[PDB]
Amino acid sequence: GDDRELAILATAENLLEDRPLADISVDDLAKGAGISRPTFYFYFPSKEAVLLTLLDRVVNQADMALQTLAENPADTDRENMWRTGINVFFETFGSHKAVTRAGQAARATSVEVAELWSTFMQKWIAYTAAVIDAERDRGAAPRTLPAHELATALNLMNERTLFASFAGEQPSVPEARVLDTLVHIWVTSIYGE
């Protein structure tokens, strides 16, 4: 039951490494999971629903990892604190490049994918703005831009730059350089007067 479901998810993640959602059939997903086509339809209404679940799992893994960090502050300076936080996204989505890529393409077509992404983006920007505000209240960061607008641009930067690096787009920051590049911009723009 849960195993047929996991099998179908594992198949879809594997096939998405080699071709886009468009070039993958329900029959393809069913064959790789070792079930028939009508059995597939019992677990998922469509291949698009399979992607939505895969994306949902990846987004929540990142979200849970960031909640863990939040509850367990690393004992280090502020630059390393922000690095650990962006690193949750670098590692989680970078461990699932095929779902990340397909998920991002699906935002244009699936209101469900668009809404899932928008909900968690709002959550991560609000957390980012809360930390900036705490830093300002403690006197560690200067009161420059509206924290929530600063947070929005910096999370949008990370979305676009990480995902270009992972896809090897032209142009992109090499993946072995993207964490340091983003940490620099976050730290200078948050602490710089």
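In this text, residue numbers run from 1 along the sequence as written.
When the two stretches 106 to 114 and 77 to 85 are set side by side, the higher mean Cα temperature factor goes to 106 to 114. Set 17 to 25 against 165 to 173 and average the Cα temperature factors; 17 to 25 ends up higher. Of the candidates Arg160, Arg143, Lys31, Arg57, the PDB record gives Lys31 the highest C-alpha temperature factor.
When the C-alpha B-factors of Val50, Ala70, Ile125, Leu150 are ranked from the entry, the top spot goes to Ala70. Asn155: CA B factor in the lowest third of modelled residues in this chain (values from the PDB entry). Sort the modelled residues of the chain by CA B factor and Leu9 lands in the middle third.
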